[PDB]
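Only one structure is covered here, and it is reproduced in the block below.
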Amino acid sequence: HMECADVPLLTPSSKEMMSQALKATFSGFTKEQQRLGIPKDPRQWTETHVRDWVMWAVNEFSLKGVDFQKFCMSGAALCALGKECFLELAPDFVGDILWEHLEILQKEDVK
Numbered sequence: 028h029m030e031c032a033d034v035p036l037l038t039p040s041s042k043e044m045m046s047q048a049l050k051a052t053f054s055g056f057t058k059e060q061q062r063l064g065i066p067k068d069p070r071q072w073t074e075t076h077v078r079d080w081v082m083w084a085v086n087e088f089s090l091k092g093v094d095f096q097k098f099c100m101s102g103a104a105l106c107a108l109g110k111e112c113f114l115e116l117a118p119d120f121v122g123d124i125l126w127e128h129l130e131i132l133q134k135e136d137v138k
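Residue numbers (PDB author numbering): 28 to 138.
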């Protein structure tokens with residue numbers, strides 16, 4: 028999930044760059060969560076928070092090909108779907124990023 032055993036020193040790899048973006052995006056999330064009202068816990072989310080986030084995640088990582096029609100549901104539903112289901116809703120590339128940070132919200136905010 029995100030990064031598995033990585034020590035940034037002298038090992039330039041795409042995996043390190045992937046975490047870099049995610050790490051910097053986090054700070055840009057709370058700034059939006061306060062502007063829109065989106066809570067930290069993904070289970071207490073709704074269609075608006077889901078879409079507003081997805082869209083925001085597309086601007087943070089300049090993603091493309093992701094649709095909000097597939098994510099037209101509340102957080103409780105999105106979480107219930109699981110990684111596989113969520114990955115089926117979003118593209119083969121962007122889907123990973125969203126679920127990466129999305130899953131973090133779950134672990135960070137248990138229940």
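Cβ atoms here follow ideal geometry from the backbone N, Cα and C, with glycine treated the same way.
- Taking a contact as a CB-CB distance under 8 Å, the pair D68 and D123 does not count as one, their CB atoms being some 22 Å apart.
- The distance from the Cβ of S54 to that of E30 is about 17 Å, inconsistent with a contact at the 8 Å cut-off.
- Restricted to the stretch 67 to 134, the alpha helix (DSSP H) segments that are unbroken, complete and at least 4 residues in length are 74 to 87, 102 to 116, listed in chain order.
- With distances taken between CA atoms, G102 lies nearest to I65 out of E127, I65, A51, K50.
- In the three-state reduction of the DSSP assignment, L36 falls in the coil class.
- Rounded to the nearest whole angstrom, the CA to CA distance from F95 to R62 is 20 Å.
- In the three-state reduction of the DSSP assignment, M45 falls in the helix class.
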